């Protein structure tokens, strides 16, 4: 049994891969780690095959972590009822039916036109005002909030409120209770809205979920836990796309490539998803229910195991020159959105948003580039999801 490994929190002002995670990947296909909080240590799969396996083997459960105190990254751990993250079959499957409808390819394709309009409105704004604009605050943050509020079914009279609440994405940590405050309201709002819509025939989430509730498909107690994440999910697109524009803005070569292929940015966008370190460490562990051996390691039942999709995505035996950014990279089977039934509920929704963002920004902000040195862009700290806090930009205007 390899020694336990201390794994601190990252303090790097950039997209660089975690130096301490680089270590463990070299230590062996399975390691034991001690995160900033919680008690004890946990296993960590680092290899692609191992990662893809664990994540899809019924032998490991998520439900059992709620009932414990496995070492984690977050200081606090209070799992809500109904969260897809900690639901196992047949529960994970049940809860999913009350919301997955509005997250399908077809529902995303149906949503695309409206989304493009919202994005274009935010773009008109920065364009009317003139050249110096913080893209994060003016486009990356609000755009995802707005599109998702469409998917969720947020009523008109409450667009501003839910927008403002959700805008508790924080500048980084601009408030401990100041964020609990926003969640407090939002969650009171959601529980109510689900009560209303007891049995409405709506394709939007807040109706489907409502109906399912008033029909015992998913009675209350599971509302917030099921809808909270989705309603707040947009923030994930804000950071990730934030990282992509940063790379584009500081690596002129990539920007070039991206501008040269309108209509064929697919592989480039997938190469960015693979390379970028979306999370700071590892989260959402799994519990080894009935004693198992992983890649030659013995994992006794009851012991927690973390998987690193970031590490997996740099698997030498799966992605040659894994550290190099390709953009044209062949099939590219990255695990950015996870693997299994816990696969990202918003994978497709998030991908369509990323596309509009990259396409609209390159089309409508010519001469786009950092308004200040890269070194001046601060990065989020003490957060699960990595990303730039701002992205000051300039672009051509008038002589």
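Residue numbers count along the first chain shown, from 1.
Colleague: Between 49-57 and 370-378, point out the one with the higher average CA B-factor as the PDB entry records it.
Modeller: Of 370-378 and 49-57, the stretch with the higher C-alpha B-factor average is 49-57.
Colleague: Do the C-alpha atoms of 225-233 or of 74-82 have the higher average B factor in the entry?
Modeller: The stretch with the larger mean CA B-factor is 74-82.
Colleague: When the CA B-factors of 137, 260, 290, 270 are compared as recorded in the entry, which is the largest?
Modeller: In this record, 290 carries the highest C-alpha B-factor of the candidates.
Colleague: With respect to the C-alpha temperature factors reported in the PDB entry, which of 102, 249, 299, 127 ranks highest?
Modeller: Reading the PDB entry, the winner on C-alpha B-factor is 299.
Colleague: Report the third (lowest, middle or highest) to which the CA temperature factor of residue 64 belongs, ranking only the modelled residues of the same chain.
Modeller: For residue 64, the deposited C-alpha B-factor lands in the middle third.
Colleague: C-alpha B factor of residue 351, ranked within the chain: lowest, middle or highest third?
Modeller: Its C-alpha B-factor belongs to the lowest third of this chain's values.
Colleague: Can you work out whether the C-alpha temperature factor of residue 25 puts it in the lowest, middle or highest third of the chain?
Modeller: Ranked within chain, residue 25 CA B lands in the highest tercile.
Colleague: Against its chain's modelled residues, does residue 364's Cα B factor rank lowest, middle or highest third?
Modeller: Tercile = lowest for this residue's CA B-factor.
Colleague: Going by the entry, which third of its chain does the Cα temperature factor of residue 275 land in?
Modeller: Bottom third by C-alpha B-factor.
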